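Have a look at the structure below, then the notes.
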Amino acid sequence: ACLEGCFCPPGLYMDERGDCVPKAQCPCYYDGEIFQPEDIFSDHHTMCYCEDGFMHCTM
Amino acid sequence: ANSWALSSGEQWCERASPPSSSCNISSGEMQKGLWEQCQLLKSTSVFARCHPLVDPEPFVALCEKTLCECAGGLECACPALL
């Protein structure tokens, strides 16, 4: 619904530490694991990175 | 291409983003009259003889996406042609 509470402006998104930040340093939550805004990351076969909040995986 | 990045101490660098093309709204006449300068890789006789050695199909493919950001010029085709 259209709820009531404490938000921050649309350019800013909520971070875990109470502050809210733009989507540049908004971490990724792949498989529960909290990855930093720039984390290149790969097993042998898969290839994954965190750009701006989303986790871009490939194969 | 972003796997083969190499940083230094003066500057550490991040993943570049693909550019958001402004061509998608400023289409207009720019694709009608300027389709020919890409096309003359295939039509003109001076280029009509490397076809058994190479294929111009990628070259014409890569030009048509860059004839759209420059305003008012046929010269925008000669880089991909050169």
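By convention in this document, the chains of the structure tokens carry letters A, B, ... by their order, each chain's residues are numbered from 1, and ligands are numbered from 1 in the order they are shown.
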### Task
Give the residues of chain A that lie within 9 Å of chain B; count only C-alpha atoms, and format the answer as a PyMOL selection string.
chain A and resi 38+40+51
Selection above as a file: N, CA, C and O atoms, as a PDB file, in the first residue's frame:
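Once everything was written out, this is again-v6.pdb:
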```
ATOM      1  N   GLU A  38      31.783  -2.954  -5.615  1.00  0.00           N
ATOM      2  CA  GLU A  38      32.640  -3.450  -6.694  1.00  0.00           C
ATOM      3  C   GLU A  38      33.328  -4.709  -6.188  1.00  0.00           C
ATOM      4  O   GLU A  38      34.320  -4.631  -5.459  1.00  0.00           O
ATOM      5  N   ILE A  40      34.358  -8.158  -8.136  1.00  0.00           N
ATOM      6  CA  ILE A  40      34.476  -9.172  -9.168  1.00  0.00           C
ATOM      7  C   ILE A  40      34.700 -10.507  -8.478  1.00  0.00           C
ATOM      8  O   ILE A  40      35.340 -10.585  -7.422  1.00  0.00           O
ATOM      9  N   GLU A  51      27.386  -4.413  -9.663  1.00  0.00           N
ATOM     10  CA  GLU A  51      27.580  -3.118 -10.301  1.00  0.00           C
ATOM     11  C   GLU A  51      27.046  -1.969  -9.455  1.00  0.00           C
ATOM     12  O   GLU A  51      27.809  -1.102  -9.021  1.00  0.00           O
TER      13      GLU A  51
END
```
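Residue-level DSSP output for chain A, from the backbone, shows strand (DSSP E or B) at residues 13, 14, 20, 21, 28, 29, 30, 33, 34, 35, 41, 47, 48, 49, 50, 55, 56, 57 and 58 of chain A.
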### Task
Pick out the closest residue to residue B:57 from this set: B:13, B:71, B:1, B:81. Count only C-alpha atoms.
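Nearest candidate to residue B:57 out of B:13, B:71, B:1, B:81: B:81.
Using only C-alpha atoms, the residues found no farther than 6 Å from stretch 9-26 of chain A, other than those of its own chain fewer than 3 positions away, are residues 37, 52 and 53 of chain A.
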Same residues, N, CA, C and O atoms, saved as a short mmCIF file (atom, residue, chain, number, x, y, z; two decimals), in the first residue's frame:
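Resulting contents of result.cif:
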```cif
data_model
loop_
_atom_site.label_atom_id
_atom_site.label_comp_id
_atom_site.auth_asym_id
_atom_site.auth_seq_id
_atom_site.Cartn_x
_atom_site.Cartn_y
_atom_site.Cartn_z
N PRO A 37 30.13 -2.69 -3.34
CA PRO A 37 29.66 -2.18 -4.64
C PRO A 37 30.52 -2.58 -5.82
O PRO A 37 30.04 -2.51 -6.96
N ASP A 52 25.73 -1.96 -9.22
CA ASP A 52 25.06 -0.82 -8.60
C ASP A 52 23.91 -1.23 -7.69
O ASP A 52 22.99 -0.44 -7.47
N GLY A 53 23.94 -2.45 -7.16
CA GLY A 53 22.84 -2.98 -6.37
C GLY A 53 22.43 -4.35 -6.85
O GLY A 53 22.01 -5.20 -6.06
#
```
#### Entry: Distance query stretch 47-49 of chain A at most 10 Å, only C-alpha atoms, self and fewer than 2 positions along chain excluded, as a PyMOL selection string
(chain A and resi 28+30+35-45+51-52+54-59) or (chain B and resi 15)
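Separating atom CA of residue B:69 from atom CA of residue B:22 is a distance of 7.1 Å.
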### Task
Report the distance between atom CA of residue B:4 and atom CA of residue B:19 in Å, rounded to one decimal place.
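These two atoms are separated by 19.1 Å.
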